[PDB]
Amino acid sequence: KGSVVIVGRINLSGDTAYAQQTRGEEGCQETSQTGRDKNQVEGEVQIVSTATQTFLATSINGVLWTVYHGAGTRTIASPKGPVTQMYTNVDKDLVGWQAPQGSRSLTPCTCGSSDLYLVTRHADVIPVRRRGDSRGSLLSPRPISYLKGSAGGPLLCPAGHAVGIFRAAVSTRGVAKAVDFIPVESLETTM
């Protein structure tokens, strides 16, 4: 099993929400084996890939977070070498590494706003309302297809702070009504 390789970012740089591929299939395959990745990394939200899976990962106060169901127990490739997991919790579906060289980090939310925004692998910013600790209702029903591959991605409050990490979609008859996420509180207890 190779290392997770950062293959793009979801950009909230300026006044538009958009994804950028920064590596291709073959070169990803090459980098996973060794774990040595020179590539220019930027930003808070990374697109990350394994041999079979592509998903998201979000840096929040110096730690890159994602889902175990995506990342398994794998290292993540870095300029120096494979980077071992800092945090690992299979029940929470959570893994964390040190935040990558080049990254920015989001700040945990302190607002307690319930208006939230899920950022997807397609670079859509989808509005969500807080349902409670770890659930949030989409204002606009989507098929599961649409959200698939956006695990590891942030739910942001209106200040652009992180509320949590997208974990799963609450679906009936193929339609996501709500989403499940790992709250920052739970990260900050995991830390």
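Note that residue numbering begins at 1 and tracks the sequence as displayed.
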Comparing 175-183 with 13-21, which has the greater mean CA B-factor as deposited?
13-21
Determine, for stretches 94-102 and 107-115, which one has the higher mean CA B-factor as deposited.
107-115
So among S32, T66, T54, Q46, who wins on Cα B-factor in the entry?
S32
Comparing C-alpha B-factors across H122, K148, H161, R130 in this entry, the winner is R130
Thinking about Cα B factors across the chain, which third does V7 belong to?
lowest
Mind checking which third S134 falls in for C-alpha B-factor across the chain?
highest
By the recorded C-alpha temperature factor, relative to the other modelled residues in its chain, which third is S140 in?
highest
So, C28's CA B-factor, relative to its chain, sits in which third? The highest
